[PDB]
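Enquirer: Just dropping in an experimental structure and the matching sequence.
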Amino acid sequence: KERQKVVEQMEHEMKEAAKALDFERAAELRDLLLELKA
Amino acid sequence: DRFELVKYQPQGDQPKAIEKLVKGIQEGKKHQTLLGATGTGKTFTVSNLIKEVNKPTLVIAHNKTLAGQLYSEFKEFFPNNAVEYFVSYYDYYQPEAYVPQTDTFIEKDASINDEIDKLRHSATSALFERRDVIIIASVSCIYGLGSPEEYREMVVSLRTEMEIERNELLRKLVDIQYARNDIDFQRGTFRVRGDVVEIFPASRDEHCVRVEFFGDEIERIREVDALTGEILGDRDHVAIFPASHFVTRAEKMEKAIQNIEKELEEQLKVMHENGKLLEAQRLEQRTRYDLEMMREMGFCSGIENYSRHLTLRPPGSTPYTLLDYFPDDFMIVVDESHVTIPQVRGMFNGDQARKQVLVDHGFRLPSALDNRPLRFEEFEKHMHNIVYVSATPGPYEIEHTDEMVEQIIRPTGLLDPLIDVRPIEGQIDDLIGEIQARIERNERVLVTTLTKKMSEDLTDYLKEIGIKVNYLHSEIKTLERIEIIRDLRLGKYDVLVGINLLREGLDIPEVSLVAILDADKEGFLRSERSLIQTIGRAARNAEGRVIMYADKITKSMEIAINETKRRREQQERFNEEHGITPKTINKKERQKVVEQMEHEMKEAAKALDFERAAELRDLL
DNA sequence: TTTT
Ligand SMILES: Nc1ncnc2c1ncn2[C@@H]1O[C@H](COP(=O)(O)OP(=O)(O)O)[C@@H](O)[C@H]1O
């Protein structure tokens, strides 16, 4: 669970930056998230 | 099977609250009420309660957002125990109903949300596997579900070194609603490669069970990642539960179709006898098709209307609900009991009204009413110990509690707000200056009005003046309300105006003043409950204040103001005596073009196309 | 705001 917990948390935080309109931070997270999936 | 509570430490009067609640259970009290002021850390006290008393526990919430909000919070609290989520799997649902005033028929329309159905299976299955279980539920927990005894019974139990032929395992898998699918392996499915069966339990969508055979002997049972095939752990026992909460065996089903014809014949006699000819033509037309389909498929749409018949159970019978999947020795926590209890009660009556007009007009057999939520007397019967959480307990809660348990000390010592009463004359003006001042301290304002009329005007007034404002129309969906609240938080609006501020998620630390117009008008909106909760929204700010505009002081106002003032006094007594400092925890053409670019922005956020979202933002 |  521990790896996916981190992923699920990065995920939440990334939706959260989108909602603040901090899209810059959201992309950064997005790109990071993509690498771990890989 | 202990609960393992996991960053805070009881502060304020939390220890004392927990102490009384637990003792209260120990004394075997059936009803207790945790009278927590808003922002006092109620969900954490409840958490502590749960740990000490160590029962499986049901947490009921009035809306799904709050439910989800607690669930998140409890998964963090008890990372090692089974926190579950029991809500409706309907992402959309337009019920079937009939409007006699226009002779038109609403077809049932509905999209099931896979994630939720999974979380509901996760929930019922958990109650059978372990005792360390918290479920957060909607009023879905009083709606119907197959016999817990039939479900517990239809479990396929595997253990290593068990004797069992592979194909025998398959039979059992189908009899409990699993679906052989080799190409699209999803939850609810099993797949077969020679000596390896892989079941994707209905309560998971991430992990599955691999059952490796050698002759008619289970060699090993593994847990594996379904997409990859990566091994997570050996098991020497596995319980696989039915992939659906309501399975009718073909034998039960044949007898049911029987009973439905008999009911049907009886009902037709009575309508024809009463010259309800049109209605019988329809009853029979519809019921007969439904029946044909049940002989051919053991399925028809609206099959749930026939549920009681598929249980072979006698009329008027209490449904089986989640309440029934629990141990006898279990605890219920009712969050926002003033709203949630009413809601739990109103379910049976709202349900039975809709169906009676359907039955009176012959769309459904009388037996269809046996497919219902629980009556509150029935709910009551599942009350072993119950804790009610509310800053404003309802009448039921008060009546059944011997002594309240009060919890008034906020963690950062944040005080209950100061209240000004001022007259109705000058109202808008007085208010206007109180807003301007607030805009100057980069702080926000909530104002409640009694009416659509006054809300609309005052909003247009505010905008006319170059103040940034939003009107919370009662027609606004919470999804939308949250976009608006956020915006208020961020500063895209400086004031919110509405009728009900007790609508969800209106608790925001940047709000430093709450104006209550027409405070003396009593009614629903200015009752003691409303006043208090409304005052409630100003207590997330070190400077919070409330202006009530009123020409006299009503019973409601009195109790509201008095309570605020008692609390604030003790919260200052405490603050002093403990050295704490209150810190805050934290134009028609353009209207249409901005609305369309906001959509295209929200859209690109969801696609995670955050670069396009920002082009659109910088556009707006 | 909630359910089938
Ligand atoms: N014992 C504690 N120590 C520190 N912080 C706490 C404690 N209990 C709660 N909090 C936090 O302080 C805030 C107030 O709690 P909240 O959940 O808003 O209470 P309520 O359910 O009464 O509104 C929350 O953000 C909460 O997570």
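Expert: Nice, thanks for sending it over. Numbers count the residues shown, from 1 in each chain, chains lettered A, B, ... in the order given.

Enquirer: What parts of chain A come near chain B?
Expert: Contacts of chain A with chain B, taken as CB under 8 Å from any CB of the partner chain, map to A:4, A:14, A:18, A:19, A:20, A:21, A:23, A:24, A:26, A:27, A:30. Backbone N, C-alpha and C define where each C-beta goes, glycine included.

Enquirer: Helices - which of the residues you listed land there?
Expert: The helices, defined by DSSP state H, take in A:4, A:14, A:18, A:19, A:23, A:24, A:26, A:27, A:30 from the residues of chain A next to chain B.

Enquirer: helices or strands up against the helix or strand where residue B:48 lies?
Expert: In the assignment (DSSP states H and E), residue B:48 maps to helix B:42-53. Here helix B:42-53 touches helix B:14-26, strand B:31-36, helix B:64-77, strand B:331-335, strand B:385-389, going by 3 or more CB pairs under 8 Å, 6 or more residues apart in numbering or on different chains; DSSP states H and E.

Enquirer: would you list those in TSV and tack on mean neighbour count and distance to chain A?
Expert: Shown next, in TSV, are the helices and strands packed on helix B:42-53 (neighbours: other CB atoms under 10 Å in any protein chain shown; distance: least, CB to the nearest CB, whole Å):
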stretch	mean neighbour count	distance to chain A
helix B:14-26	19	27
strand B:31-36	24	26
helix B:64-77	18	9
strand B:331-335	24	22
strand B:385-389	25	25
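
Enquirer: okay, the ones you listed in JSON lines with distance to the ligand next?
Expert: As requested, the helices and strands packed on helix B:42-53 are exported to JSON lines (distance: least, CB to the nearest ligand atom, whole Å):
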{"stretch": "helix B:14-26", "distance to the ligand": "6"}
{"stretch": "strand B:31-36", "distance to the ligand": "5"}
{"stretch": "helix B:64-77", "distance to the ligand": "7"}
{"stretch": "strand B:331-335", "distance to the ligand": "8"}
{"stretch": "strand B:385-389", "distance to the ligand": "8"}
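
Enquirer: With distance to DNA strand C added, can I get the ones you listed in TSV?
Expert: Listed next are the helices and strands packed on helix B:42-53 as TSV, based on distance: least, CB to the nearest atom of the strand, whole Å:
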stretch	distance to DNA strand C
helix B:14-26	26
strand B:31-36	21
helix B:64-77	4
strand B:331-335	13
strand B:385-389	17
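
Enquirer: on that earlier part again, any residues touching the helix or strand just after the helix holding residue B:48, and which ones?
Expert: Reading on from helix B:42-53 to the C-terminus, the next helix or strand found by DSSP H and E is strand B:57-60. Strand B:57-60 is contacted by residues B:46, B:50, B:70, B:74, B:133-139, B:141, B:322-323, B:326, B:330-335, B:340, B:344 when judged by CB atoms under 8 Å, 6 or more residues apart in numbering or on different chains.

Enquirer: Could you export strand B:57-60 as PDB, CA atoms only?
Expert: Below are the C-alpha coordinates for strand B:57-60, written out as PDB (Å, rounded to 0.1, in the frame of the first residue of the first chain):
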ATOM      1  CA  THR B  57     -18.800   1.300  14.500                       C
ATOM      2  CA  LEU B  58     -21.200   3.000  12.000                       C
ATOM      3  CA  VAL B  59     -20.800   6.700  11.200                       C
ATOM      4  CA  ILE B  60     -23.900   8.200   9.600                       C
END
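
Enquirer: what bridges to residue B:179?
Expert: Per DSSP bridges, the residues bridged to residue B:179 are residue B:189.

Enquirer: Was I right to think it contacts residue B:191?
Expert: No - at 10.1 Å, residue B:179 does not count as touching residue B:191 under the criterion of CB atoms under 8 Å.

Enquirer: Looking at these two now, which is surrounded by more residues?
Expert: Higher neighbour count among residue B:179 and residue B:191: residue B:191, with 18 against 13, using other CB atoms under 10 Å in any protein chain shown.

Enquirer: what's the helix or strand for the residue of chain A found nearest the ligand?
Expert: Going by CB to the nearest ligand atom, the ligand is nearest to residue A:16 of chain A, at 15.5 Å. According to DSSP H and E, residue A:16 maps onto helix A:2-19.

Enquirer: what's that helix packed up against?
Expert: When contacts are defined as 3+ CB pairs under 8 Å, 6+ apart, helix A:2-19 packs onto helix A:23-37.

Enquirer: now the residue lying farthest from the centre of chain A: how far from residue B:138?
Expert: Distance from the C-alpha centroid of chain A peaks at residue A:1, with 16.9 Å (CA atoms, centre = their mean). In this view, residue A:1 and residue B:138 are 26 Å apart by CB to CB, to the nearest Å.

Enquirer: Excluding chain neighbours, what is closest to the residue in chain B that the ligand sits nearest to?
Expert: Closest residue of chain B to the ligand, CB to the nearest ligand atom: residue B:41 (2.7 Å). Counting by CB to CB, 6 or more residues apart in numbering or on different chains, residue B:411 is the residue found nearest to residue B:41 once chain neighbours are left out, at 5.4 Å.
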